[PDB]
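Structure, as structure tokens:
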Amino acid sequence: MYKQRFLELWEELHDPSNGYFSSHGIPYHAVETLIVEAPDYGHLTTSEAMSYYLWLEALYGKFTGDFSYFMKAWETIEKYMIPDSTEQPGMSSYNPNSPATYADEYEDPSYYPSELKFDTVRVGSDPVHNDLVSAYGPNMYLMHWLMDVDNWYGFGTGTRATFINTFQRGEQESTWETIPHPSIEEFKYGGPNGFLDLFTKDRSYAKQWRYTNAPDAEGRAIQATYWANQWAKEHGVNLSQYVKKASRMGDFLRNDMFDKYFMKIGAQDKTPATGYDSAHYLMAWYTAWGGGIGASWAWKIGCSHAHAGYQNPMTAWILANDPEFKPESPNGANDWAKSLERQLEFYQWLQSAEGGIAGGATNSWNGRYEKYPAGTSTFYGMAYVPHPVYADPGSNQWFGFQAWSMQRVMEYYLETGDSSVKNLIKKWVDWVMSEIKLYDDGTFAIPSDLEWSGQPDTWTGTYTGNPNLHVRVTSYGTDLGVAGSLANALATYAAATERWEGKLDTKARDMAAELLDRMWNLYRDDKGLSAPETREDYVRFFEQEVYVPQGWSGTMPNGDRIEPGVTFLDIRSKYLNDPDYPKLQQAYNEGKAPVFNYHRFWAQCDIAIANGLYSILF
């Protein structure tokens, strides 16, 4: 009965009338155009959406033996999400001795743009580019996270899709303070010098192309390809070309395993590092590579910050201990072997007294490689931060990250019966069981907001229990994507304990089944599943000054004046034509919060994927 739900939500996702997919076959972020999450528009696409797309037709191929949709998903990714060779000019001019130039991070968007340092700070060295080039070539086989499917912002020509970038101005820049700009800059729109002068301060500005990745998306893509390959080998389908595609994606993913400027990890300073002395062996927040248009130069950067919700032990295991997925470069397997162990120790370190996995670590304090304050705990020299990268809404305030990271940890536990991380998994499961509030009716409420206090003990190879690190739940909600992720994690717990422990843990499996059944029964919809959201933050929709720097004037392609004093809506004036705008305006005027029923591609993908993973091995 679970596979029936998976197939019906699959049909609803692939129905052209529901509006989930565009004309090219690219999934949207959500059916509803008026939704402000990490993507500020409903009909943009994200690399996480394409990773969930890959996982969804991997499950479809398992259930039906039809990987044609999975193959087409990979072809769409290569054609649209992975930048093309013609879209990557000047990449052969990269100098691995000098990967990139220095730039600070500032706590407030008002500090931006940031002065660029050319010679005051010495950047380290990149020891993997030469091997990558000798194996494949100059072009990088990585996805760009954000794309404008239907040219809503009008940065391109016609209906053709365009890569876009939003998050550029530090920690306190939320979604409501982003200025969306095209990745491939051609100086056509914006102010003078394109949109470059808003963020990076240079003496001379030139035509550029940029691409940022989200290693969460690549990790999910590699894990989906691994599972698709296993299910195909069970069926008999040959996926060698796409397994090799995922293998080279994983080989290029080793750029994330390094510090942003390739500096010594734990050095507490901007001290340049030699090869492999700058690798913290952890999935960082992002890596960004770019070059010039009409000129011959290129650059690459990693990230110092590591978030526990981005680590994927399963991907590291696959890329280290699988001959089929073995990277062409000889050093790839050893690097992934180191990364797996480092990630597992990271997860063990971060757990709190109750069981909640705290926010990750960083190699740079405040983004400027400053000395840690007195009493700060360290993990291999990396200080502890509760909310890494983003602090305006709280990076680890969201409860979905717990389920997202623990699903990977438990899948690795299921595949490799590693006895090192059993106590972590039991403590986290006990905590989430404690904090779930079911009701005598068919409704439920799971944590949505988390409050963290204290710091974990300094890592010395063993877990002390962290008496000073505490977490409490402050808000209970009914989020469906997080419910799907949590049910997936609990079912993975049940299967892993059945396979690699004395007996199946019926509590986690029963809780996952109860969550799935209650959610599906209560919140079935015409376009999938949804539940009302109070959405208080939408007041910012009418009152959030987006901070255009003073004295900088630009014009959006539709004609909006991007000037100081502009709010969220002023530079997105095509929202006034949205069908849901009158209801939003009425709710804002009369005072009460606007209630929304949102159908996200990734939320329904989580619901269906969790359903299928509950069907699998049961």
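Residues in the structure tokens are named by chain (A, B, ... in the order shown) and by number from 1 within that chain; ligands are numbered from 1 in the order shown.
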Sorted per-residue table, segment 497-604 of chain A near segment 18-28 of chain A, closest atoms and distance, 9 Å, only C-alpha atoms, as CSV:
residue,atom,partner,partner_atom,distance
A:526,CA,A:18,CA,8.7
A:527,CA,A:18,CA,6.2
A:600,CA,A:28,CA,8.2
A:601,CA,A:28,CA,6.7
Selected residues, N, CA and C atoms, written as an mmCIF file, in the first residue's frame, please.
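File written: out10.cif
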data_model
loop_
_atom_site.group_PDB
_atom_site.id
_atom_site.type_symbol
_atom_site.label_atom_id
_atom_site.label_comp_id
_atom_site.auth_asym_id
_atom_site.auth_seq_id
_atom_site.Cartn_x
_atom_site.Cartn_y
_atom_site.Cartn_z
ATOM 1 N N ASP A 526 -5.240 18.224 -3.841
ATOM 2 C CA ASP A 526 -5.373 18.017 -5.280
ATOM 3 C C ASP A 526 -4.012 18.002 -5.969
ATOM 4 N N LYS A 527 -3.089 18.853 -5.523
ATOM 5 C CA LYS A 527 -1.754 18.941 -6.101
ATOM 6 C C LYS A 527 -0.705 18.193 -5.289
ATOM 7 N N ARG A 600 5.626 22.231 -2.382
ATOM 8 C CA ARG A 600 7.015 22.265 -2.815
ATOM 9 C C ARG A 600 7.388 20.959 -3.502
ATOM 10 N N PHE A 601 8.268 21.058 -4.499
ATOM 11 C CA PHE A 601 8.755 19.860 -5.173
ATOM 12 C C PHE A 601 9.557 18.984 -4.220
#
Identify, on the basis of only C-alpha atoms, every residue whose closest approach to residue 384 of chain A does not exceed 8 Å; exclude the query and any residue fewer than 4 positions from it along the same chain; express the result as a list in words. residues 359, 360, 361, 362, 376, 377, 378, 379, 455 and 456 of chain A
Give me a file of those residues, with N, CA, C and O atoms, as a PDB file, in the first residue's frame.
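File selection-v2.pdb, as written:
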ATOM      1  N   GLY A 359      25.010  22.777  15.915  1.00  0.00           N
ATOM      2  CA  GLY A 359      25.528  23.328  14.684  1.00  0.00           C
ATOM      3  C   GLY A 359      27.004  23.043  14.519  1.00  0.00           C
ATOM      4  O   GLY A 359      27.743  22.864  15.482  1.00  0.00           O
ATOM      5  N   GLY A 360      27.440  23.020  13.267  1.00  0.00           N
ATOM      6  CA  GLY A 360      28.773  22.565  12.922  1.00  0.00           C
ATOM      7  C   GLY A 360      29.895  23.445  13.426  1.00  0.00           C
ATOM      8  O   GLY A 360      29.731  24.248  14.349  1.00  0.00           O
ATOM      9  N   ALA A 361      31.059  23.284  12.813  1.00  0.00           N
ATOM     10  CA  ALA A 361      32.270  23.988  13.194  1.00  0.00           C
ATOM     11  C   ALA A 361      32.718  24.896  12.058  1.00  0.00           C
ATOM     12  O   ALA A 361      32.103  24.950  10.994  1.00  0.00           O
ATOM     13  N   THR A 362      33.803  25.624  12.303  1.00  0.00           N
ATOM     14  CA  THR A 362      34.370  26.522  11.312  1.00  0.00           C
ATOM     15  C   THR A 362      35.876  26.603  11.500  1.00  0.00           C
ATOM     16  O   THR A 362      36.390  26.419  12.605  1.00  0.00           O
ATOM     17  N   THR A 376      36.395  28.483  24.148  1.00  0.00           N
ATOM     18  CA  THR A 376      35.779  27.894  22.966  1.00  0.00           C
ATOM     19  C   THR A 376      36.310  26.486  22.732  1.00  0.00           C
ATOM     20  O   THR A 376      37.523  26.257  22.759  1.00  0.00           O
ATOM     21  N   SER A 377      35.398  25.544  22.508  1.00  0.00           N
ATOM     22  CA  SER A 377      35.776  24.178  22.185  1.00  0.00           C
ATOM     23  C   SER A 377      36.270  24.083  20.749  1.00  0.00           C
ATOM     24  O   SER A 377      35.918  24.899  19.894  1.00  0.00           O
ATOM     25  N   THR A 378      37.093  23.070  20.486  1.00  0.00           N
ATOM     26  CA  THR A 378      37.672  22.870  19.166  1.00  0.00           C
ATOM     27  C   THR A 378      37.505  21.422  18.736  1.00  0.00           C
ATOM     28  O   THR A 378      37.490  20.513  19.568  1.00  0.00           O
ATOM     29  N   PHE A 379      37.371  21.224  17.426  1.00  0.00           N
ATOM     30  CA  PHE A 379      37.342  19.909  16.794  1.00  0.00           C
ATOM     31  C   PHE A 379      38.458  19.881  15.761  1.00  0.00           C
ATOM     32  O   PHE A 379      38.336  20.497  14.698  1.00  0.00           O
ATOM     33  N   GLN A 455      28.252  24.710  25.075  1.00  0.00           N
ATOM     34  CA  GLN A 455      29.249  24.256  24.119  1.00  0.00           C
ATOM     35  C   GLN A 455      29.611  22.811  24.416  1.00  0.00           C
ATOM     36  O   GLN A 455      29.557  22.382  25.575  1.00  0.00           O
ATOM     37  N   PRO A 456      29.986  22.038  23.401  1.00  0.00           N
ATOM     38  CA  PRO A 456      30.461  20.675  23.644  1.00  0.00           C
ATOM     39  C   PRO A 456      31.893  20.672  24.159  1.00  0.00           C
ATOM     40  O   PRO A 456      32.622  21.658  24.060  1.00  0.00           O
TER      41      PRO A 456
END
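Compared by their closest atoms to residue 489 of chain A, and using only C-alpha atoms, the residues A:543, A:256, A:449, A:411 rank with A:411 nearest.
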Taking 3 positions as the minimum chain separation for residues in the same chain, which residues sit within 7 Å of residue 553 of chain A when counting only C-alpha atoms? Answer as number ranges by chain. A: 191, 562-563
Test item: residues at most 10 Å from residue 345 of chain A, only C-alpha atoms, excluding those fewer than 6 positions along its chain, as a PyMOL selection string: chain A and resi 339+379-380+420-421+459+461-463
Can you list, as a PyMOL selection string, all residues belonging to segment 198-267 of chain A that DSSP tags as alpha helix (DSSP H)? chain A and resi 198-199+215-235+240-252
If you measure from atom CA of residue 448 of chain A to atom CA of residue 534 of chain A, what distance in Å do you get, rounded to one decimal?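 Value for the atom CA of residue 448 of chain A-atom CA of residue 534 of chain A distance: 12.8 Å.
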Quick one: residues within 10 Å of residue 395 of chain A, only C-alpha atoms counted, chain neighbours fewer than 3 positions away excluded, as a ChimeraX atom specification? /A:171,307,309,359-360,386-392,398-399,401
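Considering the residues A:41, A:346, A:211, A:493 and counting only C-alpha atoms, residue 613 of chain A has its shortest atom-to-atom contact with A:493.
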So that I can see what lies close to segment 351-354 of chain A, please list as a PDB file with N, CA and C atoms, in the first residue's frame the residues with an atom at most 12 Å from it, counting only C-alpha atoms and leaving out residues fewer than 3 positions away in the same chain.
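So the final result, stored in selection.pdb, reads:
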ATOM      1  N   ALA A 308      26.642  20.479  10.182  1.00  0.00           N
ATOM      2  CA  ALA A 308      26.341  19.066  10.383  1.00  0.00           C
ATOM      3  C   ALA A 308      25.257  18.577   9.433  1.00  0.00           C
ATOM      4  N   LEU A 344      32.412  11.177  10.559  1.00  0.00           N
ATOM      5  CA  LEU A 344      31.831  10.425  11.667  1.00  0.00           C
ATOM      6  C   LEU A 344      32.243  11.016  13.011  1.00  0.00           C
ATOM      7  N   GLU A 345      33.519  11.388  13.151  1.00  0.00           N
ATOM      8  CA  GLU A 345      33.956  11.992  14.406  1.00  0.00           C
ATOM      9  C   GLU A 345      33.309  13.356  14.626  1.00  0.00           C
ATOM     10  N   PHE A 346      33.089  14.114  13.548  1.00  0.00           N
ATOM     11  CA  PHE A 346      32.358  15.376  13.645  1.00  0.00           C
ATOM     12  C   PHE A 346      30.966  15.164  14.224  1.00  0.00           C
ATOM     13  N   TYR A 347      30.227  14.205  13.661  1.00  0.00           N
ATOM     14  CA  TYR A 347      28.888  13.910  14.156  1.00  0.00           C
ATOM     15  C   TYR A 347      28.921  13.525  15.627  1.00  0.00           C
ATOM     16  N   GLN A 348      29.870  12.668  16.015  1.00  0.00           N
ATOM     17  CA  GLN A 348      29.963  12.266  17.417  1.00  0.00           C
ATOM     18  C   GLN A 348      30.243  13.458  18.320  1.00  0.00           C
ATOM     19  N   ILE A 357      21.874  17.216  17.637  1.00  0.00           N
ATOM     20  CA  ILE A 357      23.145  17.473  16.968  1.00  0.00           C
ATOM     21  C   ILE A 357      23.293  18.976  16.788  1.00  0.00           C
ATOM     22  N   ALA A 358      24.263  19.563  17.479  1.00  0.00           N
ATOM     23  CA  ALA A 358      24.432  21.005  17.447  1.00  0.00           C
ATOM     24  C   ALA A 358      24.908  21.463  16.071  1.00  0.00           C
ATOM     25  N   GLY A 359      25.010  22.777  15.915  1.00  0.00           N
ATOM     26  CA  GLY A 359      25.528  23.328  14.684  1.00  0.00           C
ATOM     27  C   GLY A 359      27.004  23.043  14.519  1.00  0.00           C
ATOM     28  N   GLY A 360      27.440  23.020  13.267  1.00  0.00           N
ATOM     29  CA  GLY A 360      28.773  22.565  12.922  1.00  0.00           C
ATOM     30  C   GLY A 360      29.895  23.445  13.426  1.00  0.00           C
ATOM     31  N   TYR A 384      33.787  25.789  17.662  1.00  0.00           N
ATOM     32  CA  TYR A 384      32.379  25.422  17.640  1.00  0.00           C
ATOM     33  C   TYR A 384      31.514  26.668  17.490  1.00  0.00           C
ATOM     34  N   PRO A 386      27.258  27.691  17.017  1.00  0.00           N
ATOM     35  CA  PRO A 386      25.909  27.103  17.029  1.00  0.00           C
ATOM     36  C   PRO A 386      25.176  27.242  15.709  1.00  0.00           C
ATOM     37  N   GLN A 402      18.291  18.185  11.239  1.00  0.00           N
ATOM     38  CA  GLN A 402      18.507  16.994  12.050  1.00  0.00           C
ATOM     39  C   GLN A 402      18.133  15.739  11.277  1.00  0.00           C
ATOM     40  N   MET A 406      20.826  12.982   9.845  1.00  0.00           N
ATOM     41  CA  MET A 406      20.742  11.681  10.490  1.00  0.00           C
ATOM     42  C   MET A 406      20.257  10.606   9.530  1.00  0.00           C
ATOM     43  N   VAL A 421      29.425   4.514  15.859  1.00  0.00           N
ATOM     44  CA  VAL A 421      28.444   5.587  15.972  1.00  0.00           C
ATOM     45  C   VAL A 421      27.094   5.064  16.440  1.00  0.00           C
ATOM     46  N   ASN A 423      26.005   4.788  19.749  1.00  0.00           N
ATOM     47  CA  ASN A 423      25.462   5.538  20.876  1.00  0.00           C
ATOM     48  C   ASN A 423      24.909   6.886  20.424  1.00  0.00           C
ATOM     49  N   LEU A 424      25.580   7.533  19.468  1.00  0.00           N
ATOM     50  CA  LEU A 424      25.044   8.738  18.841  1.00  0.00           C
ATOM     51  C   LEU A 424      23.636   8.513  18.314  1.00  0.00           C
ATOM     52  N   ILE A 425      23.463   7.455  17.527  1.00  0.00           N
ATOM     53  CA  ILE A 425      22.194   7.216  16.860  1.00  0.00           C
ATOM     54  C   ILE A 425      21.099   6.934  17.882  1.00  0.00           C
ATOM     55  N   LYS A 426      21.400   6.114  18.895  1.00  0.00           N
ATOM     56  CA  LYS A 426      20.410   5.855  19.939  1.00  0.00           C
ATOM     57  C   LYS A 426      20.044   7.121  20.706  1.00  0.00           C
ATOM     58  N   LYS A 427      21.028   7.952  21.059  1.00  0.00           N
ATOM     59  CA  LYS A 427      20.711   9.168  21.805  1.00  0.00           C
ATOM     60  C   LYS A 427      19.844  10.114  20.984  1.00  0.00           C
ATOM     61  N   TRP A 428      20.168  10.283  19.700  1.00  0.00           N
ATOM     62  CA  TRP A 428      19.368  11.155  18.845  1.00  0.00           C
ATOM     63  C   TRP A 428      17.948  10.627  18.681  1.00  0.00           C
ATOM     64  N   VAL A 429      17.798   9.313  18.494  1.00  0.00           N
ATOM     65  CA  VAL A 429      16.463   8.736  18.363  1.00  0.00           C
ATOM     66  C   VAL A 429      15.666   8.923  19.647  1.00  0.00           C
ATOM     67  N   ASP A 430      16.303   8.709  20.801  1.00  0.00           N
ATOM     68  CA  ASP A 430      15.610   8.914  22.067  1.00  0.00           C
ATOM     69  C   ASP A 430      15.157  10.360  22.214  1.00  0.00           C
ATOM     70  N   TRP A 431      16.014  11.310  21.835  1.00  0.00           N
ATOM     71  CA  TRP A 431      15.643  12.717  21.938  1.00  0.00           C
ATOM     72  C   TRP A 431      14.457  13.047  21.038  1.00  0.00           C
ATOM     73  N   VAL A 432      14.485  12.577  19.788  1.00  0.00           N
ATOM     74  CA  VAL A 432      13.404  12.930  18.871  1.00  0.00           C
ATOM     75  C   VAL A 432      12.106  12.245  19.284  1.00  0.00           C
ATOM     76  N   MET A 433      12.187  11.038  19.852  1.00  0.00           N
ATOM     77  CA  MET A 433      10.991  10.422  20.418  1.00  0.00           C
ATOM     78  C   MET A 433      10.449  11.235  21.584  1.00  0.00           C
ATOM     79  N   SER A 434      11.338  11.770  22.421  1.00  0.00           N
ATOM     80  CA  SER A 434      10.882  12.583  23.541  1.00  0.00           C
ATOM     81  C   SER A 434      10.175  13.842  23.058  1.00  0.00           C
ATOM     82  N   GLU A 435      10.693  14.474  22.003  1.00  0.00           N
ATOM     83  CA  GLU A 435      10.190  15.782  21.598  1.00  0.00           C
ATOM     84  C   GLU A 435       9.061  15.730  20.570  1.00  0.00           C
ATOM     85  N   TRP A 452      19.381  26.413  21.444  1.00  0.00           N
ATOM     86  CA  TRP A 452      20.603  25.733  21.850  1.00  0.00           C
ATOM     87  C   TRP A 452      21.337  26.569  22.887  1.00  0.00           C
ATOM     88  N   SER A 453      21.959  25.896  23.854  1.00  0.00           N
ATOM     89  CA  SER A 453      22.750  26.564  24.875  1.00  0.00           C
ATOM     90  C   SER A 453      24.011  25.757  25.149  1.00  0.00           C
ATOM     91  N   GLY A 454      25.068  26.459  25.551  1.00  0.00           N
ATOM     92  CA  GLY A 454      26.307  25.816  25.931  1.00  0.00           C
ATOM     93  C   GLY A 454      27.184  25.436  24.752  1.00  0.00           C
ATOM     94  N   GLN A 455      28.252  24.710  25.075  1.00  0.00           N
ATOM     95  CA  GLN A 455      29.249  24.256  24.119  1.00  0.00           C
ATOM     96  C   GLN A 455      29.611  22.811  24.416  1.00  0.00           C
ATOM     97  N   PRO A 456      29.986  22.038  23.401  1.00  0.00           N
ATOM     98  CA  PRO A 456      30.461  20.675  23.644  1.00  0.00           C
ATOM     99  C   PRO A 456      31.893  20.672  24.159  1.00  0.00           C
ATOM    100  N   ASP A 457      32.284  19.539  24.732  1.00  0.00           N
ATOM    101  CA  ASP A 457      33.643  19.399  25.238  1.00  0.00           C
ATOM    102  C   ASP A 457      34.637  19.315  24.085  1.00  0.00           C
ATOM    103  N   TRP A 459      37.289  18.046  21.646  1.00  0.00           N
ATOM    104  CA  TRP A 459      37.421  16.683  21.154  1.00  0.00           C
ATOM    105  C   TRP A 459      38.811  16.131  21.446  1.00  0.00           C
ATOM    106  N   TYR A 463      33.943  10.654  23.331  1.00  0.00           N
ATOM    107  CA  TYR A 463      32.764  11.446  23.654  1.00  0.00           C
ATOM    108  C   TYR A 463      32.544  11.424  25.161  1.00  0.00           C
ATOM    109  N   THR A 464      32.535  12.607  25.772  1.00  0.00           N
ATOM    110  CA  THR A 464      32.416  12.744  27.216  1.00  0.00           C
ATOM    111  C   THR A 464      30.976  12.866  27.698  1.00  0.00           C
ATOM    112  N   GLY A 465      30.013  13.012  26.792  1.00  0.00           N
ATOM    113  CA  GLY A 465      28.627  13.212  27.146  1.00  0.00           C
ATOM    114  C   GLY A 465      28.144  14.644  27.023  1.00  0.00           C
ATOM    115  N   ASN A 466      29.063  15.609  26.957  1.00  0.00           N
ATOM    116  CA  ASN A 466      28.760  17.030  26.816  1.00  0.00           C
ATOM    117  C   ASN A 466      27.760  17.491  27.869  1.00  0.00           C
ATOM    118  N   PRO A 467      28.163  17.578  29.139  1.00  0.00           N
ATOM    119  CA  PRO A 467      27.224  18.028  30.177  1.00  0.00           C
ATOM    120  C   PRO A 467      26.741  19.456  29.996  1.00  0.00           C
ATOM    121  N   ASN A 468      27.477  20.295  29.272  1.00  0.00           N
ATOM    122  CA  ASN A 468      27.144  21.708  29.171  1.00  0.00           C
ATOM    123  C   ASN A 468      26.363  22.072  27.914  1.00  0.00           C
ATOM    124  N   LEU A 469      26.147  21.134  26.994  1.00  0.00           N
ATOM    125  CA  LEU A 469      25.462  21.412  25.737  1.00  0.00           C
ATOM    126  C   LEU A 469      24.016  20.945  25.842  1.00  0.00           C
ATOM    127  N   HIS A 470      23.076  21.877  25.677  1.00  0.00           N
ATOM    128  CA  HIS A 470      21.661  21.610  25.882  1.00  0.00           C
ATOM    129  C   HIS A 470      20.839  22.149  24.721  1.00  0.00           C
ATOM    130  N   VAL A 471      19.673  21.542  24.517  1.00  0.00           N
ATOM    131  CA  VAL A 471      18.736  21.940  23.473  1.00  0.00           C
ATOM    132  C   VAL A 471      17.316  21.828  24.017  1.00  0.00           C
ATOM    133  N   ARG A 472      16.455  22.764  23.620  1.00  0.00           N
ATOM    134  CA  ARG A 472      15.041  22.689  23.960  1.00  0.00           C
ATOM    135  C   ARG A 472      14.197  23.090  22.761  1.00  0.00           C
ATOM    136  N   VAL A 473      13.019  22.490  22.655  1.00  0.00           N
ATOM    137  CA  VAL A 473      12.097  22.771  21.562  1.00  0.00           C
ATOM    138  C   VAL A 473      11.182  23.910  21.983  1.00  0.00           C
TER     139      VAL A 473
END
Quick one: of A:331, A:147, A:254, A:104, who's nearest to residue 270 of chain A, counting only C-alpha atoms?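 Closest to residue 270 of chain A, using only C-alpha atoms: A:104.
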Looking at only C-alpha atoms, which of A:608, A:535, A:75, A:153 is the one that sits closest to residue 593 of chain A?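 Closest residue, counting only C-alpha atoms: A:535.
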To one decimal in Å, tell me the separation between atom CA of residue 143 of chain A and atom CA of residue 34 of chain A.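 Going from atom CA of residue 143 of chain A over to atom CA of residue 34 of chain A covers 25.4 Å.
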Near residue 32 of chain A, within 7 Å and counting only C-alpha atoms, which residues show up once chain neighbours fewer than 4 positions away are dropped, as a ChimeraX atom specification? /A:42,598-599
Only N, CA, C and O atoms, please: the residues just picked out, written as an mmCIF file, in the first residue's frame.
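Now in part29.cif:
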data_model
loop_
_atom_site.group_PDB
_atom_site.id
_atom_site.type_symbol
_atom_site.label_atom_id
_atom_site.label_comp_id
_atom_site.auth_asym_id
_atom_site.auth_seq_id
_atom_site.Cartn_x
_atom_site.Cartn_y
_atom_site.Cartn_z
ATOM 1 N N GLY A 42 8.672 31.132 -6.705
ATOM 2 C CA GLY A 42 8.158 29.774 -6.734
ATOM 3 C C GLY A 42 8.660 28.957 -7.908
ATOM 4 O O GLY A 42 8.886 27.752 -7.783
ATOM 5 N N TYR A 598 1.234 25.406 0.693
ATOM 6 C CA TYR A 598 2.358 25.377 -0.235
ATOM 7 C C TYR A 598 2.640 23.953 -0.693
ATOM 8 O O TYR A 598 2.642 23.022 0.118
ATOM 9 N N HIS A 599 2.883 23.795 -1.990
ATOM 10 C CA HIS A 599 3.223 22.512 -2.597
ATOM 11 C C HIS A 599 4.633 22.630 -3.171
ATOM 12 O O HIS A 599 4.820 23.076 -4.302
#
Find the residue from A:155, A:106, A:10, A:336 that sits nearest to residue 253 of chain A; use only C-alpha atoms when measuring.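 When distances to residue 253 of chain A are compared using only C-alpha atoms, the smallest one comes from A:336.
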For atom CA of residue 44 of chain A and atom CA of residue 110 of chain A, determine how far apart the two atoms are, in Å to one decimal place.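 Atom-to-atom, atom CA of residue 44 of chain A to atom CA of residue 110 of chain A, that is 27.0 Å.
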I need the strand (DSSP E) residues of segment 392-505 of chain A per DSSP on the backbone, written as a PyMOL selection string. chain A and resi 437-438+444-453+470-477
